[PDB]
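The chain below stands alone and is given in structure tokens; this is the form solved without 4-methylumbelliferyl phosphate (KLV).
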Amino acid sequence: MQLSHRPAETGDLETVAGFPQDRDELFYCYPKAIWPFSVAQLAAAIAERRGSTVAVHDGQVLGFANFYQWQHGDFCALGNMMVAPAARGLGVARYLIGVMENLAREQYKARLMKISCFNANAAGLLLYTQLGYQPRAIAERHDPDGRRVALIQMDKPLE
């Protein structure tokens, strides 16, 4: 998987808004969104966030991520991490997380990256563990059916 990256563009949003395959996946990567996902919901997140970036391979947009918190000299918090279903398990998220780590360091002078994953998202928890993130805290949250879930907050030093 040779991959490139660039800022997200308007024409990318239809494709990216197709990445979550079901209500669970949408909850995991964007818990304030409501199913079905739409370009309007994606565009609204982009407008409130920073660093919205796509990963591209062989002319296809395969991954998306951004920051929902940014604090210069301090940390960024990575969210909306989503990969095309036909392209999972090929390193897209690993590549994109590295690009976002570099952007945090270079543009934000961040010392730390924060992420939070819902307990049911095994793939996400294992992704960030593989990339050297460690768990710090667990917070109670609710899913769209009002059921109690656990949000696992993790972080990683950027040096």
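For every residue, the number given is its place in the sequence shown, counted from 1.
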Next item on the list: Taking the mean of the C-alpha B-factors per stretch from the entry, tell me the winner out of 23-31 and 103-111.
Entry: 103-111
Check: Would 86-94 or 113-121 have the larger average of its C-alpha temperature factors, as given in the entry?
Finding: 86-94
Next item on the list: Consider only the C-alpha atoms of the modelled residues in this chain, order them by B-factor as the entry records it, and name the third containing residue 51: lowest, middle or highest.
Entry: middle
Next item on the list: Would you please rank residue 36 by its C-alpha temperature factor against the other modelled residues of its chain and give the third it falls in: lowest, middle or highest?
Entry: highest
Checklist line | Within-chain third of residue 69 by Cα B-factor, per the entry | finding: highest
Notebook entry, point to check: By its CA B factor, does residue 3 count among the lowest, middle or highest third of the modelled residues in the chain?
Noted result: highest
Item checked: Modelled-residue ranking by C-alpha temperature factor, third containing residue 42 -> middle
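A second form of this protein, the form deposited with 4-methylumbelliferyl phosphate (KLV) bound, is not displayed here; the remarks below concern that form.
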Item checked: Ligand-site obstruction classification: 4-methylumbelliferyl phosphate (KLV), superposed in the entry with it bound, backbone or C-beta within 2.4 Å -> open
Notebook entry, point to check: With a 4.5 Å heavy atom cut-off, would you call residue 109 a contact of 4-methylumbelliferyl phosphate (KLV) in the entry with it bound?
Noted result: no
Notebook entry, point to check: Can any non-hydrogen atom of residue 98 be found within 4.5 angstroms of 4-methylumbelliferyl phosphate (KLV) in the entry with it bound?
Noted result: no
Next item on the list: Indicate whether 4-methylumbelliferyl phosphate (KLV) has at least one heavy atom within 4.5 Å of a heavy atom of residue 68 in the entry with it bound.
Entry: yes
Note to self: Can you tell me if residue 50 lies within 4.5 angstroms of 4-methylumbelliferyl phosphate (KLV) in the entry with it bound, counting non-hydrogen atoms only?
What the structure shows: no
Margin query: Please tell me whether the candidate spot formed by 75, 135 and 156 is one where all three residues come within 4.5 Å of 4-methylumbelliferyl phosphate (KLV) in the entry with it bound (heavy atoms).
Written below: no
Next item on the list: Any residue of 109-126 with a heavy atom within 4.5 Å of 4-methylumbelliferyl phosphate (KLV) in the entry with it bound counts; write them all down in order.
Entry: 116, 118
